[PDB]
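Participant: One structure is given below, represented as structure tokens, and several questions about it will come after.
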Amino acid sequence: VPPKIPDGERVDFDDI
Amino acid sequence: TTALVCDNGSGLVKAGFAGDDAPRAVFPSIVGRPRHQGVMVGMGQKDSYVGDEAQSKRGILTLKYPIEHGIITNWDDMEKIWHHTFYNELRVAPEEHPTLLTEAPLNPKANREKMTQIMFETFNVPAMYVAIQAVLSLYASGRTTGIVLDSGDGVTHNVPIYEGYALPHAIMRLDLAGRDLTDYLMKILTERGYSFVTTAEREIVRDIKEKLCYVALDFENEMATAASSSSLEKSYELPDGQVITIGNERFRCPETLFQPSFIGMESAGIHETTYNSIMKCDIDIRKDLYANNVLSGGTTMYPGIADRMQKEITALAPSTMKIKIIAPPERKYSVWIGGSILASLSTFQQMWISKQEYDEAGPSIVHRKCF
Amino acid sequence: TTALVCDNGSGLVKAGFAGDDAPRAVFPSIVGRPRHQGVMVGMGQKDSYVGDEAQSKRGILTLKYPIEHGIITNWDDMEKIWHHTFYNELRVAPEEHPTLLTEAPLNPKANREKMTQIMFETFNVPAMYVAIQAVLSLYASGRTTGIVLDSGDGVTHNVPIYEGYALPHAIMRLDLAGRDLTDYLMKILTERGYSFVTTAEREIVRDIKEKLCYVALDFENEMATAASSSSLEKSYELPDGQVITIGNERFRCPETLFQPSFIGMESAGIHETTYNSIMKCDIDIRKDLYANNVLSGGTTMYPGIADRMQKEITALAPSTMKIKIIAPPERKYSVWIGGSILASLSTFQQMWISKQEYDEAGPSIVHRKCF
Amino acid sequence: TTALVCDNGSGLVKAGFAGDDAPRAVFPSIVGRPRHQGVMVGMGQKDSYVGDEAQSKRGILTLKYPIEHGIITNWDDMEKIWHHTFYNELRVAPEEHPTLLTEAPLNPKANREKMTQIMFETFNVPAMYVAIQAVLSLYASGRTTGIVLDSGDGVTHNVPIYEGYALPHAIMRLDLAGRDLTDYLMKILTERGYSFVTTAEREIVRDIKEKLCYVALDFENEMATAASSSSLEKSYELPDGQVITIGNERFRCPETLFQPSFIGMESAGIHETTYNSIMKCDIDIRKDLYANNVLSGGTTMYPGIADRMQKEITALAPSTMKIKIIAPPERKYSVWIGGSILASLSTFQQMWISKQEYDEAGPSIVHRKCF
Ligand SMILES: Nc1ncnc2c1ncn2[C@@H]1O[C@H](COP(=O)(O)OP(=O)(O)O)[C@@H](O)[C@H]1O
Ligand SMILES: Nc1ncnc2c1ncn2[C@@H]1O[C@H](COP(=O)(O)OP(=O)(O)O)[C@@H](O)[C@H]1O
Ligand SMILES: Nc1ncnc2c1ncn2[C@@H]1O[C@H](COP(=O)(O)OP(=O)(O)O)[C@@H](O)[C@H]1O
Ligand SMILES: [Mg+2]
Ligand SMILES: [Mg+2]
Ligand SMILES: [Mg+2]
């Protein structure tokens with residue numbers, strides 16, 4: 001059974 | 001208050017408030033679940049992208065239309081589409097607005113009854129009314145007679161009307177439409193080497209069909225010309241490069257309309273089912289129907305169809321009658337413009353199916369006097 | 001508490017607490033037993049020097065890497081390396097810290113299962129999670145799409161990702177990496193007279209490769225120039241004197257990446273396996289992958305590779321697409337920075353493989369939902 | 001004189017004179033140039049070994065098939081293969097023999113036209129005819145109706161035929177075939193540690209697939225059984241020793257046929273494209289097609305496929321119809337036996353494309369009446 005990532009919200013392109 | 005003129009269609013959902021010129025929000029009716037696994041955490045990945053959002057992420061989705069041929073085959077997806085249409089594309093809660101759906105002629109009853117039951121129970125509208133998709137297209141032309149050929153994307157139907165009295169025994173519904181033309185184009189493109197298989201690439205083939213294909217005035221002469229010269233080969237750039245060159249596939253894809261034997265269908269083309277629909281009418285209203293032939297629907301937007309159809313009917317019809325084909329430039333939204341006009345009428349204001357009436361007779365109210 | 005972001009790698013073990021910018025302790029992963037006899041008594045001579053200690057006593061040791069190509073071939077030595085990493089380079093007992101190992105794609109299952117069994121039985125961590133080495137490198141770039149070429153020291157793998165949905169059928173793993181380049185450089189140095197044979201002198205050849213070699217923009221022109229002038233010959237001082245002069249061996253060693261036929265490998269270079277990995281993807285996400293090509297891993301630090309690769313892909317790709325190669329200056333630790341970011345996320349906090357779960361399903365839990 | 005029934009195929013070229021039971025010469029269609037340097041002088045080393053000779057010297061060659069998916073991608077190599085087939089495996093000059101090639105359905109026109117142009121200009125045959133690979137397989141079964149699923153090594157196509165009248169609108173061509181199964185097996189073998197990369201080792205993986213793999217009657221039960229017991233693990237000896245043990249990779253490789261999502265393909269398996277191909281046919285010939293389902297082609301030789309397919313179709317089809325799957329023991333050469341029968345007919349003797357006809361109309365004669 002593949003790992004189904006649970007429900008998140010964010011973020012991208014900011015911590016970088 | 002104002003009425004919501006929704007128009008489910010099959011391929012493009014067109015909606016907007018009654019009394020305007022054009023639909024407010026037009027977006028494909030596709031619901032696509034993701035198909036790969038997904039490794040980024042917290043990306044905010046939803047479980048189903050509907051409407052125009054799934055035409056941008058279509059690279060990793062499996063788009064599937066919820067309406068096959070006029071009829072609705074997947075009620076959960078259709079409910080999702082309606083919910084999106086009401087809440088995100090118009091942002092008006094349905095608790096305070098009448099709705100005017102549209103339905104093809106000769107459709108199964110259960111489809112219409114389920115539609116009204118959904119609209120009254122889930123969305124809880126004040127009152128909804130279902131209208132035949134051809135009468136509206138006749139409204140939009142400002143006529144009151146005429147035989148309208150509404151070649152949508154799901155189903156092509158041909159409803160003749162005289163002086164406001166529809167002729168129920170002369171409706172000729174044919175199930176060839178834009179989707180079958182897309183599939184046939186995708187099938188004949190393989191003769192040059194281009195293979196489109198994925199349900200996402202059907203959209204690319206649809207774009208090719210919209211931008212390049214045209215209806216030939218005379219089929220054999222075009223087939224002979226395209227086989228000698230090279231003045232027809234128009235090129236097109238895929239979503240990643242690698243331009244393709246379409247030869248005589250340009251006018252062979254929409255030719256299927258006039259020769260449904262190409263995709264194996266038995267019936268006669270849209271040029272001969274109109275003449276048959278006329279000949280079933282009475283002998284004294286045939287001149288008016290000949291003179292007021294109306295075109296509508298998306299698929300009748302091919303460049304050069306209003307001349308091919310007129311030539312064909314003039315060949316079939318008696319030599320004395322005048323054959324005229326009304327092809328307004330706003331063909332695609334003709335049904336919705338007519339729907340807006342009908343919903344804006346004062347005389348029509350008492351024909352809605354009020355909710356208390358539904359509570360007293362159940363969903364089978366739609367077949368009753370409130371049609 | 002804080003998580004331990006370890007990253008086994010093959011050639012340099014990089015570790016550190018989650019939430020920082022750079023790994024706390026970076027040291028070669030070599031375990032070298034002494035090979036001579038030893039006559040001084042009471043000198044305190046140990047039986048195996050691991051990590052950075054064996055890069056200073058390498059004159060009398062026989063260094064041997066415990067990880068050949070991603071996979072682990074000598075489990076006792078790997079356990080020793082992990083024990084050193086936890087206790088002496090970080091000085092934090094593992095009983096109070098979650099761990100986040102990293103693993104190359106397409107590796108044998110038994111390797112991963114043994115890794116988790118060791119981490120849970122010997123070191124007795126609270127919870128550990130294994131992640132693919134390319135998704136982290138994509139985290140560190142702050143993107144969410146893109147095709148990442150992570151040319152480490154053990155194995156070069158090329159994982160394409162779109163919108164967070166990894167494409168498992170388009171992973172192209174190639175076993176040419178920094179170690180094979182070191183061996184090939186050591187093999188072509190013999191054409192001038194310098195012979196390096198001992199496993200200790202492989203480190204000297206590695207230093208030569210790091211400090212002098214560069215990737216040529218055009219191979220034939222450089223081969224012609226180096227054969228006429230002498231503007232390329234750069235000299236280097238061995239650990240004992242006797243400087244050496246490297247001629248056209250400078251750009252011939254890293255050229256093996258783009259022509260794996262030099263070391264007898266059949267496959268195509270890293271310039272063409274990326275294009276093949278892209279072409280296996282769907283037709284609608286190829287533009288985004290073209291525009292967001294990401295480089296990572298140590299071996300992609302050669303001066304002038306981000307231009308050679310772009311030139312090659314632009315030659316292969318259609319002329320309309322824009323080819324852009326992301327080469328951040330912090331390439332070497334990109335995987336570990338991404339690992340720190342992933343371990344610092346709140347959404348990820350419930351994906352760890354808790355110890356009670358391992359007790360209930362055994363080591364085969366890693367292949368299950370907790371990937 | 002006698003006719004030459006050649007059958008290009010993709011993976012095995014099968015040829016022989018018309019009127020026999022089995023092809024005279026069957027040999028892989030691979031052309032492999034040497035890749036190393038070569039130091040012995042006068043050894044008589046050729047520049048390209050084709051056919052079965054390159055399956056014995058494959059250790060130092062780079063084999064490359066000239067036919068990718070039905071279509072031919074490398075015309076010079078295909079010409080070389082044909083020349084070998086005529087002159088060395090049959091030893092009959094083509095100047096005195098008609099030829100009957102075979103071609104998959106829905107292939108590009110240019111491929112067929114180039115094929116006929118080569119046969120008429122280079123080899124200079126008296127007359128050649130091109131036939132669809134499924135009608136022949138229907139000949140060999142001695143039927144005249146039935147829907148034939150010809151799962152070759154290049155492409156799987158499913159042509160329904162009734163009473164001798166082919167239904168051109170119901171041909172469902174799918175590009176999953178034996179080659180993709182070989183690649184997927186080579187990709188899942190890496191989960192135990194065995195890595196095959198070279199184009200020569202693809203042949204070894206093909207041999208493993210042929211000798212060990214089988215199609216499971218029920219997939220989940222087999223996956224559960226192989227994960228508990230060890231009664232399935234069958235071992236196999238490589239061309240140099242070091243036996244390998246295949247576990248649940250045995251029935252996972254050919255399962256891709258019924259779930260093309262394993263290799264990332266969107267479409268439905270061979271168990272559901274047959275039912276879809278039937279449902280496109282008319283309502284009155286569906287019983288006969290249900291009762292006369294024919295299997296052909298090499299890839300349908302997996303032990304236990306004629307039961308899995310019948311179970312799947314019986315699940316899909318209405319409960320009253322009888323589902324029967326014809327699986328003759330001579331499945332592999334079914335197309336060629338049918339070709340021999342067709343070439344031996346007297347009624348067919350005037351359908352050949354005579355050379356004078358080609359001289360008058362050019363290579364485009366093949367699309368004309370002489371199909
Ligand atoms: N400009 C155009 N040229 C050719 N075909 C078109 C054009 N616009 C739309 N179509 C075809 O018409 C279809 C849309 O028809 P539409 O009238 O929206 O159907 P519906 O009646 O369900 O709303 C599309 O699927 C497309 O194939
Ligand atoms: N500055 C550099 N220039 C060229 N090559 C380098 C440089 N730094 C490291 N390398 C090569 O990269 C390898 C280290 O790669 P690394 O990313 O540590 O592998 P891993 O993925 O196992 O951590 C070294 O063996 C060396 O050959
Ligand atoms: N006995 C067998 N068991 C399983 N697979 C087989 C067997 N024989 C052949 N195959 C598969 O079928 C392919 C040969 O198919 P074939 O019918 O020769 O293709 P073509 O239609 O091009 O002639 C081989 O590549 C092999 O993968
Ligand atoms: Mg419509
Ligand atoms: Mg690494
Ligand atoms: Mg075949």
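We label chains A, B, ... in the order they appear in the structure tokens, count residues from 1 in each chain, and number ligands from 1 in the order shown.
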So which residues are near ligand 6, meaning at most 7 Å away with only C-alpha atoms and all ligand atoms counted, given back as JSON, numbers by chain?
Facilitator: {"D": [9, 133, 150, 152, 297, 335]}
Participant: At a cut-off of 12 Å, list the chain C residues touching chain A, using only C-alpha atoms, as a compact mmCIF listing (two decimals) with C-alpha atoms, in the first residue's frame.
Facilitator:
# COMPACT_ATOMS: atom_id res chain seq x y z
CA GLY C 19 15.68 23.30 11.34
CA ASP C 20 19.16 24.61 10.58
CA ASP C 21 20.82 25.74 7.37
CA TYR C 129 11.18 7.73 8.36
CA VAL C 130 12.86 7.01 5.02
CA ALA C 131 12.57 9.50 2.18
CA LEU C 138 13.19 19.53 -4.72
CA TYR C 139 12.07 20.82 -1.32
CA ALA C 140 15.28 22.77 -0.87
CA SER C 141 14.80 24.67 -4.13
CA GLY C 142 11.45 25.94 -2.88
CA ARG C 143 9.71 24.61 -5.97
CA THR C 144 6.84 22.19 -6.28
CA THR C 145 7.44 20.93 -9.84
CA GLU C 163 2.56 19.67 -8.79
CA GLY C 164 3.67 17.38 -5.99
CA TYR C 165 2.62 14.21 -7.83
CA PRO C 168 6.91 6.58 -10.75
CA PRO C 328 21.93 26.74 -6.60
CA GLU C 330 24.44 25.20 -2.08
CA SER C 334 20.73 20.50 -1.09
CA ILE C 337 18.61 21.20 3.56
CA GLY C 338 15.47 19.76 2.01
CA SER C 340 15.63 19.65 7.40
CA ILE C 341 12.75 21.58 5.85
CA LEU C 342 10.64 18.43 5.55
CA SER C 344 10.46 20.85 10.37
CA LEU C 345 6.95 20.77 8.87
CA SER C 346 3.89 20.46 11.07
CA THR C 347 1.86 18.57 8.44
CA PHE C 348 4.58 15.89 8.31
CA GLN C 349 4.62 15.32 12.06
CA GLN C 350 2.22 12.37 11.90
CA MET C 351 3.97 10.44 9.10
CA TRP C 352 6.77 9.02 11.26
CA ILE C 353 6.89 5.25 11.74
CA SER C 364 8.03 -4.74 6.52
CA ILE C 365 6.11 -1.70 7.78
CA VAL C 366 8.27 0.61 5.66
CA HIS C 367 6.75 -0.53 2.38
CA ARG C 368 3.26 0.03 3.81
CA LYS C 369 1.31 3.31 4.00
CA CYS C 370 4.06 4.89 6.08
CA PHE C 371 6.35 4.90 3.06
Participant: Which of segment 139-369 of chain B counts as strand (DSSP E or B) under DSSP, as number ranges by chain please?
Facilitator: B: 146-151, 156-162, 165-166, 172-174, 234-238, 241-246, 293-296, 325-326, 353-354
Participant: What residues in chain D have any atom no more than 7 Å from chain C when counting only C-alpha atoms, and can you write them as JSON, numbers by chain?
Facilitator: {"D": [190, 191, 192, 193, 198, 263, 264]}
Participant: Taking the DSSP secondary structure from the backbone, can you list the residues of segment 108-341 of chain B that are alpha helix (DSSP H), as a PyMOL selection string?
Facilitator: chain B and resi 109-121+133-140+178-188+201-212+219-226+249-252+270-279+286-291+305-316+334-341
Participant: Write to file, as a short mmCIF file (atom, residue, chain, number, x, y, z; two decimals), in the first residue's frame, the residues of the selection just made, with C-alpha atoms.
Facilitator:
data_model
loop_
_atom_site.label_atom_id
_atom_site.label_comp_id
_atom_site.auth_asym_id
_atom_site.auth_seq_id
_atom_site.Cartn_x
_atom_site.Cartn_y
_atom_site.Cartn_z
CA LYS B 109 -37.76 10.82 -17.79
CA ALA B 110 -35.69 9.64 -14.83
CA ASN B 111 -32.96 12.10 -15.78
CA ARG B 112 -35.33 15.07 -15.60
CA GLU B 113 -37.00 13.89 -12.40
CA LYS B 114 -33.66 13.34 -10.67
CA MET B 115 -32.54 16.78 -11.83
CA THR B 116 -35.54 18.47 -10.25
CA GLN B 117 -35.24 16.38 -7.09
CA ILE B 118 -31.61 17.42 -6.68
CA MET B 119 -32.38 21.07 -7.30
CA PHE B 120 -35.16 21.02 -4.72
CA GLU B 121 -33.55 18.90 -2.00
CA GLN B 133 -32.98 23.44 -25.66
CA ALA B 134 -34.37 24.28 -29.09
CA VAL B 135 -37.24 26.59 -28.16
CA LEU B 136 -34.75 28.87 -26.44
CA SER B 137 -32.54 28.99 -29.52
CA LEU B 138 -35.64 30.02 -31.41
CA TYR B 139 -36.32 32.75 -28.85
CA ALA B 140 -32.85 34.20 -29.30
CA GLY B 178 -19.02 17.31 -31.42
CA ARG B 179 -17.68 14.54 -29.19
CA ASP B 180 -17.92 11.93 -31.92
CA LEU B 181 -16.19 14.33 -34.28
CA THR B 182 -13.38 14.71 -31.76
CA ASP B 183 -13.02 10.95 -31.49
CA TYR B 184 -13.05 10.53 -35.26
CA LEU B 185 -10.44 13.25 -35.70
CA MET B 186 -8.29 11.59 -33.05
CA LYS B 187 -8.71 8.35 -34.97
CA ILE B 188 -7.76 9.73 -38.39
CA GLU B 201 -4.91 14.51 -25.00
CA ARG B 202 -8.52 14.41 -26.14
CA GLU B 203 -8.55 18.07 -25.12
CA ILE B 204 -5.61 18.75 -27.42
CA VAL B 205 -7.39 17.04 -30.29
CA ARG B 206 -10.46 19.12 -29.51
CA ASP B 207 -8.38 22.28 -29.77
CA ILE B 208 -7.00 21.12 -33.11
CA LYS B 209 -10.53 20.51 -34.35
CA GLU B 210 -11.74 23.92 -33.22
CA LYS B 211 -8.85 25.90 -34.67
CA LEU B 212 -8.16 24.12 -37.96
CA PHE B 219 -16.25 17.02 -50.80
CA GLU B 220 -14.85 15.24 -53.86
CA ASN B 221 -13.24 18.35 -55.32
CA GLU B 222 -11.54 19.08 -52.01
CA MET B 223 -10.34 15.49 -51.74
CA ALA B 224 -8.86 15.77 -55.22
CA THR B 225 -7.24 19.15 -54.57
CA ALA B 226 -5.68 18.17 -51.24
CA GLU B 249 -7.82 15.66 -42.25
CA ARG B 250 -9.01 19.26 -42.07
CA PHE B 251 -12.32 18.83 -43.89
CA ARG B 252 -12.67 15.08 -43.36
CA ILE B 270 -27.66 16.67 -40.78
CA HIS B 271 -28.42 17.84 -44.31
CA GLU B 272 -31.08 15.16 -44.82
CA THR B 273 -32.59 14.80 -41.36
CA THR B 274 -33.64 18.44 -41.61
CA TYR B 275 -35.42 17.79 -44.89
CA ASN B 276 -37.05 14.70 -43.42
CA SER B 277 -38.12 16.68 -40.37
CA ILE B 278 -39.69 19.26 -42.66
CA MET B 279 -41.49 16.70 -44.81
CA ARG B 286 -43.35 23.85 -45.36
CA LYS B 287 -42.57 27.11 -47.15
CA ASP B 288 -42.14 29.00 -43.89
CA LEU B 289 -39.92 26.28 -42.44
CA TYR B 290 -37.86 26.28 -45.64
CA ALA B 291 -37.36 30.02 -45.41
CA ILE B 305 -21.20 25.07 -42.98
CA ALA B 306 -23.97 27.59 -43.64
CA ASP B 307 -23.20 27.28 -47.35
CA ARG B 308 -22.80 23.51 -47.57
CA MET B 309 -26.06 22.94 -45.73
CA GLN B 310 -27.91 25.42 -47.95
CA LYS B 311 -26.52 23.78 -51.08
CA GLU B 312 -27.57 20.33 -49.87
CA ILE B 313 -31.09 21.36 -48.90
CA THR B 314 -31.53 23.27 -52.16
CA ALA B 315 -30.57 20.08 -53.94
CA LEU B 316 -33.16 18.10 -51.98
CA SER B 334 -27.79 31.22 -28.62
CA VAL B 335 -29.52 28.79 -26.27
CA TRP B 336 -28.45 30.72 -23.22
CA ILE B 337 -29.44 34.10 -24.66
CA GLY B 338 -32.85 32.65 -25.42
CA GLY B 339 -33.01 31.30 -21.90
CA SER B 340 -32.30 34.75 -20.49
CA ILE B 341 -35.00 36.29 -22.67
#
Participant: Between atom CA of residue 32 of chain B and atom CA of residue 157 of chain B, what is the spacing in Å?
Facilitator: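 Atom-to-atom, atom CA of residue 157 of chain B and atom CA of residue 32 of chain B are spaced 28.7 Å apart.
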